[PDB]
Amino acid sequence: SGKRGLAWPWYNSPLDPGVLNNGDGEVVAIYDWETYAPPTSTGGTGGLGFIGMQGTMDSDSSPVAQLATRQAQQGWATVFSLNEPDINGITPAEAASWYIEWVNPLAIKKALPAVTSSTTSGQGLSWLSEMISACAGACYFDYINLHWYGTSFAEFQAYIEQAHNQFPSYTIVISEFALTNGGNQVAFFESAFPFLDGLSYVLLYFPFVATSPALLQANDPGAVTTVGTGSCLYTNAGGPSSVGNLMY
């Protein structure tokens, strides 16, 4: 059981997820922030298990009325829910009620919404604790879902240990993580992979981001400002980058 997965944007039709699957089983999963199949150069997912994701309450691209049908047609083993509701003006009670209505009926493994690493009350893990209070046992889930961006491996380690200390019986997936712009992304992931591989309560982790610098600059310039291009798992030619090599 590897834990590694691809955070695979909507704009990745040029790239092949199989490039980061060398058959040694470290890379096992792919998600694309949507409920439609990853856009790839191969028509497949390179042997990786696709995890659907209802990242907004409803969108043109992931209409929530189609969430059950898409899961059934595509046979996901796992589904992810809202993307960073903690900073997008969704109340813990609104999320709980939407989650019970729309996600609960998918009879597979389920993740509560991805929250940010914010220490603010009503954001991050505080927002998540308030959503779990609102659910009061009525949200069916398997995982909690973390994001992290910061400036040091030490801060990242402290944050995952803090999440485990708050939710010690919970299983964690890390759907997005990298250093902010200027950090040495290679040194970070070289620390972070063996650390996360050693935690029995972390099931999956997805470096931000399994694309190329050119596609991230073309489609997501805000991400290039925030993270730079050093965390892109792909090269501009579709090969593995210095960070992609760490995935094997």
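Residue numbers run from 1 along the displayed sequence. Only the largest set of C-alpha atoms that superpose within 1.5 Å between the two forms is called the rigid core.
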Segment of greater CA departure in 4 other deposited structures of this protein, 68 to 76 or 118 to 126, core superposed: 118 to 126
19 to 27 versus 233 to 241 - which carries the larger mean C-alpha B factor in the record: 19 to 27
107 to 115 versus 68 to 76 - which carries the larger mean C-alpha B factor in the record: 68 to 76
From 210, 51, 223, 204, residue of greatest CA B-factor: 223
Third of the chain's Cα B-factor distribution that residue 83 belongs to, per the entry: lowest
Record-listed C-alpha B factor of residue 144: chain third: lowest
Cα B factor band for residue 174 (lowest, middle or highest third within the chain): lowest
Chain-relative CA temperature factor third for residue 218: highest
CA B-factor placement of residue 167, once the chain's modelled residues are sorted into thirds: middle
